[PDB]
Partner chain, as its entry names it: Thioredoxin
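Take a look at this single chain in structure tokens; it is the form solved without the partner chain.
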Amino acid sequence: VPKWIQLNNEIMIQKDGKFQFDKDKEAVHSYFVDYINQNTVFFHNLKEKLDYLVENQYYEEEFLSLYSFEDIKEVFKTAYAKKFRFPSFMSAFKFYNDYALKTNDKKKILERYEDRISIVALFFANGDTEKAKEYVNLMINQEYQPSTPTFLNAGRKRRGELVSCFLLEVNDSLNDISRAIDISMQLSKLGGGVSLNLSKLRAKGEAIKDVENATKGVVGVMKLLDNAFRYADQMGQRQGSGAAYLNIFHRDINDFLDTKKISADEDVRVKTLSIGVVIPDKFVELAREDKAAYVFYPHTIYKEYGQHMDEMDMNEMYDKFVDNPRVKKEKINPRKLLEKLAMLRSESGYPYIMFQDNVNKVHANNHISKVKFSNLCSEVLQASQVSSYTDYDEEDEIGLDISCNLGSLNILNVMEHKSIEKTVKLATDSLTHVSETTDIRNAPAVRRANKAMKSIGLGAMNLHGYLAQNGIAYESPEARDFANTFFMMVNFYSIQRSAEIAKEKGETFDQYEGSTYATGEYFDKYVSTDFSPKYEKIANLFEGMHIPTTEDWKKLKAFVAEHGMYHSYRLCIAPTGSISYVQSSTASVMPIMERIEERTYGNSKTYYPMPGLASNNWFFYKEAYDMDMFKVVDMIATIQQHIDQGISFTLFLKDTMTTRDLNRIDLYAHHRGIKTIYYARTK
């Protein structure tokens, strides 16, 4: 057993009835001194290292060619001047096992944390040395963490795409289904997760060219997609992961849900495809009143009205569909369907829940389209337009797919440095650069939507960590007050940066004029309401930082009306799992699952205490399974009111909880304005 691993395992060995938390610093120091320094390649100078990395097909020479070697040396010195030290063994282990560049044989280490940070900053700056230094300071201070794809692949010749989340609309035709399979395989080949909307596919038993009962429904396409994702499993290094979304009013909803039953037959069972359900307010209203509900055949609706069922307003068109003899529908029990969803989530954690009306009542780009589904992580909520892929030698009608490149603010580090504005603006710049340099040449809708909408996702992490290290309970009203103020500030500064970028480039996103930003309806609550902390304790946390007021929001509204917005979507809180160890932070805005994380790496078990965990803050590091999910919903709803996209919201359930408790949590989240529910985790 490695010496550092033995030191780490001493964490759990109680001394004086207390965990030996100081053993992790010794564990990380031993890990470095005994493995990392030994296995780190030696280079006489930075010039030689850069030459070796470029010539040996490790780095892309184009982005490094925009700087004189003096500027590159200055940037690397800026990264190294901080003398950054990993506070725990797990942070350094995760970095040097996942993100640190290694020789082609995976035997030696070519990049340190400073080297990766400097390369990422130089890639972001796009030839600006001062901007590169600012990015280096942001990342080395760990105020901002680029998403795993960007952090790992930026500046590397043999790299996947820096965007890893894609949403695909599928039209009701064989050409569209085949193109969807091809695009999913192409995108999974790039390492990105693919979410597909299957609500426009006709249900099982529908006619194909005036021949009845010919359609296999969404389950056959689901089997096709599951096999496609299994085949394009990223060369075996990471199994292909895809998500399928179906509106609850789709006739195949019960068959769609049954694909995740354990007892499901292997023919119908889908193994590697995640499933989410889009629930309009109409379904919740029907279930609340216990009224018999109907699920519709999409193709009958399309023929009767000329539009897709998910392209129409269900809250208004449900009665018309029920009263239309030319629309085929199946009677269902809405409460039975809700209970089936709860039981399926308890057994497997699926499906994801998207509350469509919660998403679209605040959606700023409803003129472009309503939000119909989410991504594989359930935090992407953007307008999409379905593409029409025609026969060979015909012209395809390319629509708008969804993709956003992610980055996370480190809430603890941002608050400690009092740099919400600067960090948010720099992260927005880096995400804009990543979006601009991204070009998928096998997903026409994805490429077109990336060019037209310029969507980015700026997330946050270490909310529970920051609160616990400041003596604030995650479920307390003070925690919600802090989240309200912090995310209001984040939204304000991201909007300001988007407007500044639009002014500098003299260009907004496609169809901005019809958005709520253009009309000013977006800023109504910000100009009419105040979001400064209501608790003196929280207000003190923001000392030295300007909290935007109603006057500031009015000025920002006027500025946006004058100059517009560059990004259709800016903020989305993704789960941010792997890089949380490197950042030494709690994942996303969710509460911690366990105070100390027990992991197995090889035959050696590693112990990871929650970042900042200690005797004096043990009580504030309350585990998620012990919290009231209603309070977690309150926190997420407080945060979600300042996020234009969704928040990846996992539910942490105890094994004693019945399906009724899960249903109550779902209904409260829908009541509280929650947009999506990611996972039902049971302890």
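Under this definition, the rigid core comprises the largest set of C-alpha atoms superposing within 1.5 Å between the forms. Positions refer to the first chain, counted from 1.
Visitor: Which of 228 to 236 and 417 to 425 lies farther, on average, from the shown form in 8 other deposited structures of this protein once the rigid core is superposed (C-alpha RMS)?
Guide: Relative to the shown form, the greater RMS C-alpha distance in 8 other deposited structures of this protein belongs to 228 to 236.
FYI, the form solved in complex with the partner chain isn't displayed, but the following is about it.
Visitor: Looking at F652, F63, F620, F32, which is the one with a non-hydrogen atom within 4.5 Å of the partner chain in the deposited complex?
Guide: Exactly one residue meets the criterion: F620.
Visitor: Quick check on this chain: which one of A81, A473, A539, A452 has a heavy atom within 4.5 Å of the partner chain in the deposited complex?
Guide: Partner contact (heavy atom, 4.5 Å) among the options: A473.
Visitor: Taking 4.5 angstroms as the heavy atom distance cut-off, pick the stretch from 610 to 618, 40 to 48, 66 to 74, 639 to 647 that is near the partner chain in the deposited complex.
Guide: Residues of 610 to 618 come within 4.5 Å of the partner.
Visitor: Answer with yes or no whether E55 is in contact with the partner chain in the deposited complex, where contact means some heavy atom within 4.5 Å.
Guide: Flag for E55 set to no.
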